[PDB]
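So the structure is just underneath, and the comments pick up after that.
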Amino acid sequence: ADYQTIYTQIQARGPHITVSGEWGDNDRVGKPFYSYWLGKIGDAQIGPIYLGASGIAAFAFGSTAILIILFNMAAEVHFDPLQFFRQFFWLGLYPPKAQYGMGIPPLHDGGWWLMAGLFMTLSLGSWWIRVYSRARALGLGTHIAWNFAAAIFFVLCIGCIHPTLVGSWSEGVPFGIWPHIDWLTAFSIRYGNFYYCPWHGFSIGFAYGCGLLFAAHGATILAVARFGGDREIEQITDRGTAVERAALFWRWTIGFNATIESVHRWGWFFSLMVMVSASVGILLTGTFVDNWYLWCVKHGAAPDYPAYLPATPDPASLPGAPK
Amino acid sequence: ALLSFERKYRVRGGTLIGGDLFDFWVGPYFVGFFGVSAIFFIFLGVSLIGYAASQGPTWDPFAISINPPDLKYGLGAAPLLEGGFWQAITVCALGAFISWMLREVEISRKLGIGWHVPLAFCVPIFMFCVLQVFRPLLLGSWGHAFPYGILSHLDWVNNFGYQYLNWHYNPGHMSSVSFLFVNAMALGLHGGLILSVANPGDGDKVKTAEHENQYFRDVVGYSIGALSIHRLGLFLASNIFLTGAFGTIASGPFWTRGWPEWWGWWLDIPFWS
Amino acid sequence: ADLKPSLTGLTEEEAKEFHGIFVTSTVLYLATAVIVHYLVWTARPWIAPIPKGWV
Amino acid sequence: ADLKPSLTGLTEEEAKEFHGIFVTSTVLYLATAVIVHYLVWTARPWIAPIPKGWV
Amino acid sequence: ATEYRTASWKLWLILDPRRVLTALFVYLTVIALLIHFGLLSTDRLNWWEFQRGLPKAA
Amino acid sequence: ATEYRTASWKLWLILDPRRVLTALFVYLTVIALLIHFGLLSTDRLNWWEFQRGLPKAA
Amino acid sequence: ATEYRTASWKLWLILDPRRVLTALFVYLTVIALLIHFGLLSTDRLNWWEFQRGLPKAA
Amino acid sequence: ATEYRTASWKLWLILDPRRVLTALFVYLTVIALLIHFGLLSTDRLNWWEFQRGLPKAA
Amino acid sequence: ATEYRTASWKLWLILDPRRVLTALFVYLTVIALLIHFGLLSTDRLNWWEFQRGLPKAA
Amino acid sequence: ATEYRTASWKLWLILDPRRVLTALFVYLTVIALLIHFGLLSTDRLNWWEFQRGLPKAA
Amino acid sequence: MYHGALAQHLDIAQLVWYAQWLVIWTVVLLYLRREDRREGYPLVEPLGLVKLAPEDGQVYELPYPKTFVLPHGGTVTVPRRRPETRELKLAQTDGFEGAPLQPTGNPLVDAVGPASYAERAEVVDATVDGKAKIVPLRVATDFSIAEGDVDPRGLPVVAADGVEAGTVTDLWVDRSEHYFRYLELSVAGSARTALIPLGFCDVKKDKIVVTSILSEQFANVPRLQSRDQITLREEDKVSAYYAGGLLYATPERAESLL
Amino acid sequence: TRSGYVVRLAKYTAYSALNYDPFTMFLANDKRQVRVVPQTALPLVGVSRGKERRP
Amino acid sequence: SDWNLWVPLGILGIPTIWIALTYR
Ligand code: BCB
Ligand code: BCB
Ligand SMILES: C/C=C1/c2cc3[nH]c4c(c3C)C(=O)[C@H](C(=O)OC)c4c3nc(cc4[nH]c(cc(n2)[C@@H]1C)c(C(C)=O)c4C)[C@@H](C)[C@@H]3CCC(=O)OC/C=C(\C)CCC[C@H](C)CCC[C@@H](C)CCCC(C)C
Ligand SMILES: C/C=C1/c2cc3[nH]c4c(c3C)C(=O)[C@H](C(=O)OC)c4c3nc(cc4[nH]c(cc(n2)[C@@H]1C)c(C(C)=O)c4C)[C@@H](C)[C@@H]3CCC(=O)OC/C=C(\C)CCC[C@H](C)CCC[C@@H](C)CCCC(C)C
Ligand SMILES: CC(C)=CCC/C(C)=C/CC/C(C)=C\CC/C(C)=C/CC/C(C)=C/CC/C(C)=C\CC/C(C)=C/CC/C(C)=C/CC/C(C)=C/CC1=C(C)C(=O)c2ccccc2C1=O
Ligand SMILES: COC1=C(OC)C(=O)C(C/C=C(/C)CC/C=C(/C)CC/C=C(\C)CC/C=C(\C)CC/C=C(/C)CC/C=C(\C)CC/C=C(\C)CC/C=C(\C)CCC=C(C)C)=C(C)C1=O
Ligand SMILES: COC1=C(OC)C(=O)C(C/C=C(/C)CC/C=C(\C)CC/C=C(\C)CC/C=C(\C)CC/C=C(/C)CC/C=C(\C)CC/C=C(\C)CC/C=C(/C)CCC=C(C)C)=C(C)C1=O
Ligand code: HEC
Ligand SMILES: CC(C)=CCC/C(C)=C/C=C/C(C)=C/C=C/C(C)=C/C=C/C=C(C)/C=C/C=C(\C)CC/C=C(\C)CCCC(C)C
Ligand SMILES: CC(C)=CCC/C(C)=C/C=C/C(C)=C/C=C/C(C)=C/C=C/C=C(C)/C=C/C=C(\C)CC/C=C(\C)CCCC(C)C
Ligand SMILES: CC(C)=CCC/C(C)=C/C=C/C(C)=C/C=C/C(C)=C/C=C\C=C(C)\C=C\C=C(/C)CC/C=C(\C)CCCC(C)C
Ligand SMILES: CCCCCCCCCCCC[N+](C)(C)[O-]
Ligand SMILES: CCCCCCCCCCCC[N+](C)(C)[O-]
Ligand SMILES: [Fe+3]
């Protein structure tokens, strides 16, 4: 085979050059070290890191959040250290279990949930700023920041916005491995099956889309790596045989192609759209649709199947039923 | 009909099967032997769907469905309307897929590029095969496969997953899901990063490869490097199905309890139980 | 190089001007806080004495 | 290289001026902490004596 | 030093105002939020709301 | 310094207005929103609605 | 040395104030938070709340 | 060696104070926390709480 | 070698004390924890708790 | 060779003490663990607990 | 009475649905697809009938031009009109639109099909400092191989025949990526060094195996203009030669498997 | 053994992390409704917002 | 009202003084 696409056979070492920012060249932190193993898939060098304010802040809120989360998880196993470690995935920080509408709930029932929520929110933001500022610091464009934005917004939607529009904190996602997942099912059951929500559709489309696209783009570049097609930026400004082939390949197959530059747009667009599509769906849910299946039936989208075993009338609705 | 640079590349040869008779382009499409074959399946398979859907009970595009045969028919052929057409299409499907993939091989041969693309395309094909063919073999019926139908297919996914009591816990799934997410995020970053360097805003000069590196080594303190991201993308993408395929095949042939119960192995190590 | 600003040290005076204001305002901040804590006490005496049961 | 910051080191004198204050202030804090702990004790005596049952 | 007693001031040579300031600012903000919200999720010491405390009442 | 008593103004040498100014803007906006919203989440101290408070009345 | 008895101080030649200072800041704050939190999670020793302890009562 | 018996001290030539100091600091803290919490997870031996132990009674 | 009988010691020319030291440190620590905690998760051989072992009694 | 009978020893010219050593360390540890825990998971052959066995008893 | 009901059958969800669609398509079409036509358009025609306008809907098609201001001076405008004026040594099988072409002479030297290169700017690729990006390890003396790898310097280069083509002189490094791009070998029999892309050779413990081309055709790998630096065009030239050999080394590489 | 609660619960509900004891909620008495899903496509005005709604 | 509930004054106050006095 061609081994040079899978891993790197002969590794290189030498002096790395620092691009001086607009500001905060000073707030780079740590002794850069190498990993020979890591060097077989990517660059081996691992430090330094930029610090600065946004960072500081993000960590600040982030940690507080984490602390509140974990601490409460411990409190669930009554602080038994052995049990904690065994039961860890099953432990969580839950939102309120009674109906208080949108009132700040008691500490012991959802209160702590809410606090961690707010702090997680704040870290996300601080981080956002990091991403956005750094870009501007180095004279790049802001695309990453905007993609990241959408992601954050979707977190907001399922965290507080949706709860708000229906007006109960009870609808919040809980913190914890298994329990954040149990949420998914509950939430779906409640809103009459999410497979039937169109935005869930869209989203998934775009998500699989990403799969397809990365596999394709990924594969395409490696296929043309022999002509130095991995040098993607010089290819943009001075088109070489590499991407000429890459283009041709796709044109001869699906019958239209991209450019080396624009394929990146497509990917960036699909990525974004996952998060956006999602957000919409979440906003609509509870607010305008109560039961997504029934809704799909009102617009006759829903498939209907004959009975295999005899059809069963609901017993509640019989003459002389109990309760 | 040609890109300004297209002609110098349009040369004869590098077909896998049957040489020169099929070696031509219709417009921008390259045909080849497998071109022909693909088309044939596509056309027949689609037509077959239509005819089949005509004798359904609806024509709402979401609501149309071609279901596989009952479990009583085993691994045998079923009456055409009672699951047979399902069978038909499934073959046209495979047909199309494979012809598609081989066509790609012919193309790449002609261009002197690597075969990474076709091969990559092989992964989903396999998963299709896993779900429609293997898993049903192992349980001994076609009736274990999924139906063709936009909403219909999801119903299959849905019930399947509740047959083990909470599919979220199935460890194959966990891995696959993780990849799905990482992949998406990573495409976003890769997308953005190129675009930022190329279109830096204002009359700012286009930036260098070093700026790509700097940027990430700032934000998260590591840069995977330019070639390798491509390599890595391909990897993430691919394990979506590679790992999942394990969880899929497992459910039924190798596990019959709820998926959560399976974590018992850890939950129940008698030491700390 | 045998000094504090030895052949362009990267720009901080012998500024205890900063030490000045910093410690000033750190105190004011804590001062105000004490005062305020006192007023609140009068509105809601928070710790409470030990109840009839307890121990 | 034959000094402590041997031939233009990145600079830290024989400053145990720092060591002075560091240790002063660390002790103040630990003292204050005791005083505080005493007070709280009077409000909420926390360990408790061994109850009637126990063992 | 401009008529000082200790070296204390020298800290700012070692440590760096900008980073101290920026940190403190976040730090105090965190704590203040913690306290306010934590308080307002009790039953004593919630101002804002009617005395849900049902102090002994009921 | 133009008829000044303190050095305080030197903070702008150390800190950068653009950043200060902008962050403040955000900060303040958040706190604003938290309070506004938080308030209108209660019963006492919600304007914009009937007295759901049921102040003692039921 | 300025009238020192032990070498103690030579630690700061080895170790670095900046790292120590910053670490302690965090370390202490965590331990502090933990203790506070853990206290306000009991039934004895929660100030900020009506004695839900049901001390022996019932 | 200044009035020494063993070579022990040579370890600091091999091992590095900074590593050891730091790691000890952490290690100990962990163990400390483990014990503390572990204890306050029981019924005998929890301070910070009422005797829920129901020592034998019922 | 100072009146040594074996060559045993040459091991440290082969092996690296720093690795060995560090490994043992960890290794031991873990075993130790396993034993402690593991014991304290039985009914006999749990000190720290009341004998809810209910040894044969009931 | 210093008064040897076989050439056994030449193994270490081929194989590397450090590998063998580090491996054995691990290997034995794992096995040891398997047996220990394994045993303590039975009914006969558990020290560390009250005789769960109900050996013939019922 | 229901939330989100615009009629007895019309609800706000339903409307949003279409809305969503609308946007998607718009972006796709009125944007993304335009952006795609910055290279190689407008379409060219060597059979069809009086056409200054692709698939119809599209001669707007091309977006208005960008202007990339380049890192080390100068501007590029996109889309462009970059004309191919190499005179291709390719005869047509048929005169037909989309019937394939036959090379007239040696395809590897005449640079056609998989052996064709793009006419890139005849300049050296640069670092952020202004040094040459791609250089050998005679020049980049600071750079080195990672400890733990095989130094290919000294090894025999075995070609497709199983015949030693020559011996490895050097590696060439990308200075801004810390990555090895080329082996420079000494083609035995002549007095010349030829540059092979590292993606065309399987490096072993003892030998470098080159499947791409035959031993005899190492003599004709495109010559470098300078000794110690490589232009962007020379890169494409070198790469295309070996890849072209994947279809043109032996006569059977043409043919189908049966 | 107070630490073991979560597991005592999980094993009752097929090892999922759901945090409710369904015996005491549904089976011990006729006090809860098991049906949670709405029987209409659109949210029904007057049961669909705030404290009108179920948790 | 602070009656032997000097506690918070103690905690808040004491350091406030030695902060004022140690770093002059
Ligand atoms: C039984 C329930 C189901 C369900 C329940 C469901 C719900 C309720 C929702 C989705 C949603 C989605 N579903 Mg679905 N789902 C999907 C895939 C998807 C995603 C495309 C999309 C969720 C968006 C996302 O990517 O989240 C992952 C990305 C996230 C969460 C963003 C994270 C970014 C964030 C910045 C992360 C960084 C965090 C920091 C590091 C903080 C650290 C924390 C500290 C402070 C402690 C597939 C492929 C399937 C299949 C194959 O069946 C499926 C079936 C189901 N879903 C089951 C039917 N799903 C969402 C949606 O689209 O609804 C319309 C959604 O709301
Ligand atoms: C209640 C049930 C659930 C469920 C049941 C479930 C099952 C049973 C399976 C998965 C599987 C998967 N699930 Mg899960 N799922 C996932 C995500 C995923 C995917 C990562 C993974 C693989 C999808 C797949 O098999 O593609 C299928 C794609 C295929 C087969 C390729 C088709 C492409 C083909 C080759 C080419 C097609 C060409 C076209 C015909 C051409 C037409 C186009 C035009 C141009 C002509 C998420 C993110 C979520 C969330 C967020 O909750 C979720 C929830 C659920 N899943 C619910 C809990 N899921 C699979 C898995 O891996 O399980 C471990 C799987 O078997
Ligand atoms: C389709 C769109 C996709 C998408 C897109 C994008 N996603 C992005 C970006 C874009 C564009 C970024 O630019 C940004 C980034 O920069 O990446 C490079 C980012 C990010 N997405 C992350 C994770 C992620 N993305 C997910 C999903 C999707 N993303 C969706 C699918 C998921 C899922 C799916 O779950 C996950 C988990 C992080 C890497 C990063 C946030 C960092 C943060 O916000 O920091 C917040 C800071 C903290 C949490 C503080 C950490 C504190 C430590 C651990 C210590 C605590 C210990 C304490 C107890 C004691 C203190 C002591 C201490 C010293 C020990
Ligand atoms: C991890 C790997 C990822 C990945 C990778 C790659 N993906 C690739 C490639 C790579 C590398 C290509 O090289 C190839 C391509 O060309 O690039 C565009 C391709 C392609 N991936 C398509 C769709 C796609 N990728 C999906 C998934 C992933 N991709 C995963 C995530 C999904 C999901 C997830 O649903 C979809 C729908 C087509 C656009 C295209 C082939 C067209 C075809 O196949 O032609 C042949 C067939 C037709 C044009 C029509 C077939 C009609 C048949 C005969 C009968 C009707 C169909 C019947 C089976 C009913 C089913 C419908 C029912 C469910 C309601
Ligand atoms: C005129 C004349 C003589 C007539 C008489 C002749 C006659 C009638 C003859 C007989 C006809 C015959 C025999 C055959 C018909 C022709 C034939 C073979 C047809 C096959 C056609 C067919 C089935 C087409 C369907 C196309 C298809 C399957 C899918 C459409 C594409 C889709 C949905 C793609 C997913 C969306 C997607 C990922 C878009 C991505 C955008 C692009 C362009 C990605 C590709 C891409 C990537 C990924 C890069 O990395 C990249 C890197 C650098 C440069 C470029 C690219 C690039 O373009
Ligand atoms: C060039 O410009 C650019 C850069 O450089 C400037 C960048 O750095 C960057 C990006 C900057 C970065 C820092 C990139 C790093 C970003 C990331 C998201 C990297 C993180 C990747 C991971 C965390 C790995 C993912 C791991 C998980 C999600 C957890 C999965 C959990 C489990 C249990 C998985 C279990 C199974 C596995 C782990 C592996 C299973 C594998 C198999 C079963 C089979 C393996 C298949 C193969 C090996 C392929 C077959 C072999 C051959 C074909 C030879 C970009 C975007 C840009 O393009
Ligand atoms: C000239 O006209 C034509 C063309 O050019 C226009 C063609 O290209 C073609 C295409 C022909 C080709 C060989 C194309 C090149 C070959 C490939 C691309 C390989 C892929 C081909 C396939 C996967 C399948 C093609 C082979 C067949 C359809 C043979 C049919 C075999 C049988 C037993 C049909 C009779 C039905 C029964 C006996 C009932 C029992 C069998 C079942 C229930 C199986 C159905 C259930 C499944 C899950 C199917 C899975 C099994 C497979 C997909 C092989 C044809 C047919 C046509 O003649
Ligand atoms: C043995 C039969 C049976 C099984 C098995 C069963 N259910 Fe049910 N399920 C019921 C019955 C009966 C009801 C309605 C009870 C009532 O009217 O109070 C119900 C109600 C429900 C509801 C509430 C529907 C509504 O109207 O709001 C959901 C959701 C549900 N089941 C999901 C599940 C899931 C998920 C599983 C598998 C984990 C499951 N069920 C297994 C019999 C069953
Ligand atoms: C540059 C120079 C030339 C110009 C000079 C310009 C000037 C004067 C700049 C300085 C002016 C300013 C703004 C100075 C500001 C000084 C400040 C803000 C000092 C702040 C000190 C804050 C301290 C010591 C905070 C200690 C906080 C704690 C101990 C919190 C403990 C919390 C707990 C234990 C748990 C509580 C939480 C719970 C119970 C849930
Ligand atoms: C020349 C030089 C540059 C200028 C001088 C520089 C100056 C002025 C330095 C002095 C200024 C300052 C800020 C000095 C600060 C000194 C400080 C902060 C000392 C801090 C000491 C902190 C100590 C000793 C903390 C000990 C903490 C513990 C023992 C915690 C134990 C926790 C447990 C056992 C677990 C309990 C957990 C549980 C849940 C019960
Ligand atoms: C107006 C008022 C009063 C308040 C507004 C408050 C507000 C903004 C609320 C909104 C809250 C939001 C956005 C909540 C979002 C919650 C979400 C999305 C939770 C989702 C998932 C969380 C998961 C999966 C977390 C599990 C966490 C853990 C198991 C523990 C955390 C630990 C780690 C991740 C490891 C790091 C720790 C290591 C260094 C030791
Ligand atoms: C459900 C999400 C899928 C969104 C649709 C993706 C767009 C496919 C691109 C078609 C390109 C059309 N064309 C040939 C004019 O270029
Ligand atoms: C891909 C997701 C499937 C659900 C989409 C719902 C389709 C609505 C269009 C059907 C026309 C009927 N309608 C809305 C007027 O009632
Ligand atoms: Fe790319």
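Residues in the structure tokens are numbered from 1 in each chain, the chains being A, B, ... in the order shown, and ligands are numbered from 1 in the order shown.
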Would you list the contacts of residue E:6 as an mmCIF file with N, CA, C and O atoms, in the first residue's frame, taking every protein, DNA or RNA residue within 10 Å and counting only C-alpha atoms, but skipping same-chain residues closer than 3 positions in sequence?
data_model
loop_
_atom_site.group_PDB
_atom_site.id
_atom_site.type_symbol
_atom_site.label_atom_id
_atom_site.label_comp_id
_atom_site.auth_asym_id
_atom_site.auth_seq_id
_atom_site.Cartn_x
_atom_site.Cartn_y
_atom_site.Cartn_z
ATOM 1 N N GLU D 17 13.185 38.588 51.178
ATOM 2 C CA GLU D 17 12.208 39.594 51.494
ATOM 3 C C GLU D 17 10.846 38.927 51.289
ATOM 4 O O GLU D 17 10.002 38.970 52.189
ATOM 5 N N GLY D 20 10.140 36.265 54.042
ATOM 6 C CA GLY D 20 9.621 37.024 55.171
ATOM 7 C C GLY D 20 8.106 37.157 55.156
ATOM 8 O O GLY D 20 7.409 36.524 55.957
ATOM 9 N N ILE D 21 7.606 37.954 54.222
ATOM 10 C CA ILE D 21 6.186 38.250 54.154
ATOM 11 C C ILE D 21 5.336 36.998 53.973
ATOM 12 O O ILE D 21 4.355 36.823 54.688
ATOM 13 N N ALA E 1 11.862 52.686 47.499
ATOM 14 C CA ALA E 1 10.401 52.941 47.696
ATOM 15 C C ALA E 1 10.098 54.372 48.165
ATOM 16 O O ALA E 1 10.919 54.978 48.863
ATOM 17 N N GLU E 3 8.934 56.209 50.573
ATOM 18 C CA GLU E 3 8.728 56.167 52.036
ATOM 19 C C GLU E 3 7.869 54.979 52.505
ATOM 20 O O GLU E 3 6.842 55.164 53.170
ATOM 21 N N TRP E 9 5.366 45.927 48.089
ATOM 22 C CA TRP E 9 5.154 46.459 46.756
ATOM 23 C C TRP E 9 5.819 45.691 45.617
ATOM 24 O O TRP E 9 5.289 45.631 44.511
ATOM 25 N N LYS E 10 6.974 45.100 45.911
ATOM 26 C CA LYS E 10 7.773 44.377 44.930
ATOM 27 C C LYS E 10 7.007 43.236 44.277
ATOM 28 O O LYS E 10 7.375 42.774 43.201
ATOM 29 N N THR M 22 -0.193 44.834 57.228
ATOM 30 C CA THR M 22 0.961 44.026 56.853
ATOM 31 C C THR M 22 1.630 44.595 55.610
ATOM 32 O O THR M 22 2.852 44.531 55.481
ATOM 33 N N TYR M 23 0.838 45.161 54.706
ATOM 34 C CA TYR M 23 1.364 45.611 53.432
ATOM 35 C C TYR M 23 1.328 47.126 53.344
ATOM 36 O O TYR M 23 0.459 47.717 52.703
ATOM 37 N N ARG M 24 2.284 47.736 54.036
ATOM 38 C CA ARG M 24 2.466 49.183 54.053
ATOM 39 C C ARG M 24 3.806 49.565 53.419
ATOM 40 O O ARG M 24 4.846 48.962 53.702
#
For the helix (DSSP H, G or I) assignment from backbone DSSP, which residues of stretch 166-250 of chain K qualify? Please present them as a list in words. residues 198, 199, 200, 215, 216, 217, 218, 219, 220, 232, 233, 234, 235, 236, 237, 238, 239, 240, 241, 242, 243, 244, 245, 246, 247 and 248 of chain K
Convert the current residue selection to file output with C-alpha atoms, as a PDB file, in the first residue's frame.
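Generated file (selection.pdb):
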ATOM      1  CA  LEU K 198       7.776  10.654  -0.767  1.00  0.00           C
ATOM      2  CA  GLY K 199       4.239   9.473  -1.606  1.00  0.00           C
ATOM      3  CA  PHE K 200       5.601   7.288  -4.403  1.00  0.00           C
ATOM      4  CA  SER K 215      14.199   1.699 -13.741  1.00  0.00           C
ATOM      5  CA  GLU K 216      15.055   2.970 -17.232  1.00  0.00           C
ATOM      6  CA  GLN K 217      12.671   5.951 -17.039  1.00  0.00           C
ATOM      7  CA  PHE K 218      14.343   7.462 -13.957  1.00  0.00           C
ATOM      8  CA  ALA K 219      16.661   8.975 -16.558  1.00  0.00           C
ATOM      9  CA  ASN K 220      13.833  11.260 -17.697  1.00  0.00           C
ATOM     10  CA  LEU K 232       5.777  25.682  -7.547  1.00  0.00           C
ATOM     11  CA  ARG K 233       5.659  24.603 -11.180  1.00  0.00           C
ATOM     12  CA  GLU K 234       8.655  22.247 -10.872  1.00  0.00           C
ATOM     13  CA  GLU K 235       6.836  20.537  -8.021  1.00  0.00           C
ATOM     14  CA  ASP K 236       3.803  19.795 -10.221  1.00  0.00           C
ATOM     15  CA  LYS K 237       6.084  18.658 -13.060  1.00  0.00           C
ATOM     16  CA  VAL K 238       7.938  16.121 -10.842  1.00  0.00           C
ATOM     17  CA  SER K 239       4.779  14.759  -9.234  1.00  0.00           C
ATOM     18  CA  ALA K 240       2.871  14.310 -12.508  1.00  0.00           C
ATOM     19  CA  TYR K 241       5.675  12.318 -14.083  1.00  0.00           C
ATOM     20  CA  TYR K 242       5.537   9.435 -11.599  1.00  0.00           C
ATOM     21  CA  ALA K 243       1.755   9.386 -11.397  1.00  0.00           C
ATOM     22  CA  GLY K 244       1.576   9.265 -15.175  1.00  0.00           C
ATOM     23  CA  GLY K 245       3.722   6.160 -14.884  1.00  0.00           C
ATOM     24  CA  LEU K 246       0.867   4.493 -13.038  1.00  0.00           C
ATOM     25  CA  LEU K 247      -0.909   4.261 -16.384  1.00  0.00           C
ATOM     26  CA  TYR K 248       2.012   4.342 -18.765  1.00  0.00           C
TER      27      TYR K 248
END
Closest atom pairs, residues of chain F within 10 Å of chain A, only C-alpha atoms, as a tab-separated table:
residue	atom	partner	partner_atom	distance
F:23	CA	A:129	CA	9.9
F:30	CA	A:122	CA	9.7
F:34	CA	A:118	CA	9.9
F:38	CA	A:104	CA	8.0
F:39	CA	A:103	CA	9.4
F:40	CA	A:103	CA	9.2
F:41	CA	A:103	CA	5.5
F:42	CA	A:103	CA	5.9
F:43	CA	A:103	CA	8.6
Please produce a file of the residues just selected, as a PDB file, in the first residue's frame, where the atoms kept are C-alpha atoms.
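Result file is again_18.pdb:
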ATOM      1  CA  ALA F  23     -16.511  43.804  28.173  1.00  0.00           C
ATOM      2  CA  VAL F  30     -26.027  40.177  31.502  1.00  0.00           C
ATOM      3  CA  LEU F  34     -30.634  38.268  35.020  1.00  0.00           C
ATOM      4  CA  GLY F  38     -35.352  36.833  37.696  1.00  0.00           C
ATOM      5  CA  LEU F  39     -37.700  39.459  38.984  1.00  0.00           C
ATOM      6  CA  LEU F  40     -40.385  38.736  36.597  1.00  0.00           C
ATOM      7  CA  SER F  41     -40.136  35.145  37.686  1.00  0.00           C
ATOM      8  CA  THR F  42     -41.592  35.801  41.065  1.00  0.00           C
ATOM      9  CA  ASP F  43     -45.018  36.730  42.250  1.00  0.00           C
TER      10      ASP F  43
END
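The binding environment of ligand 8, defined as every protein, DNA or RNA residue with an atom no more than 6 Å away and counting only C-alpha atoms and all ligand atoms, comprises residues 189 of chain A; 165 of chain B; 34, 35, 36 and 37 of chain L.
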Would you put the residues from that selection into a file with N, CA, C and O atoms, as a PDB file, in the first residue's frame?
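Wrote out12.pdb, looks like this:
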ATOM      1  N   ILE A 189     -40.782  10.915  24.442  1.00  0.00           N
ATOM      2  CA  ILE A 189     -42.060  10.372  24.825  1.00  0.00           C
ATOM      3  C   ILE A 189     -43.073  11.499  25.028  1.00  0.00           C
ATOM      4  O   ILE A 189     -44.195  11.399  24.545  1.00  0.00           O
TER       5      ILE A 189
ATOM      6  N   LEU B 165     -33.996  -2.696  25.786  1.00  0.00           N
ATOM      7  CA  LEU B 165     -34.953  -1.768  26.417  1.00  0.00           C
ATOM      8  C   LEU B 165     -34.642  -0.293  26.343  1.00  0.00           C
ATOM      9  O   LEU B 165     -35.513   0.520  26.575  1.00  0.00           O
TER      10      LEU B 165
ATOM     11  N   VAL L  34     -50.848   7.199  34.859  1.00  0.00           N
ATOM     12  CA  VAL L  34     -49.698   6.701  34.134  1.00  0.00           C
ATOM     13  C   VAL L  34     -49.536   7.391  32.779  1.00  0.00           C
ATOM     14  O   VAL L  34     -48.419   7.521  32.267  1.00  0.00           O
ATOM     15  N   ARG L  35     -50.651   7.825  32.202  1.00  0.00           N
ATOM     16  CA  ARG L  35     -50.670   8.435  30.871  1.00  0.00           C
ATOM     17  C   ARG L  35     -50.047   9.841  30.846  1.00  0.00           C
ATOM     18  O   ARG L  35     -50.550  10.766  31.498  1.00  0.00           O
ATOM     19  N   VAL L  36     -48.978  10.020  30.087  1.00  0.00           N
ATOM     20  CA  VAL L  36     -48.331  11.321  30.070  1.00  0.00           C
ATOM     21  C   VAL L  36     -48.351  12.098  28.766  1.00  0.00           C
ATOM     22  O   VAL L  36     -48.117  13.314  28.757  1.00  0.00           O
ATOM     23  N   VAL L  37     -48.632  11.408  27.675  1.00  0.00           N
ATOM     24  CA  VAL L  37     -48.597  12.012  26.358  1.00  0.00           C
ATOM     25  C   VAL L  37     -49.912  12.673  25.990  1.00  0.00           C
ATOM     26  O   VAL L  37     -50.973  12.103  26.275  1.00  0.00           O
TER      27      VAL L  37
END
10 Å from ligand 13 is the threshold here; counting only C-alpha atoms and all ligand atoms, which polymer residues fall inside it? Answer as a ChimeraX atom specification.
/A:195-202,205,292-293,295-302 /B:60-63,150-151 /K:9-11,13-15,17-18
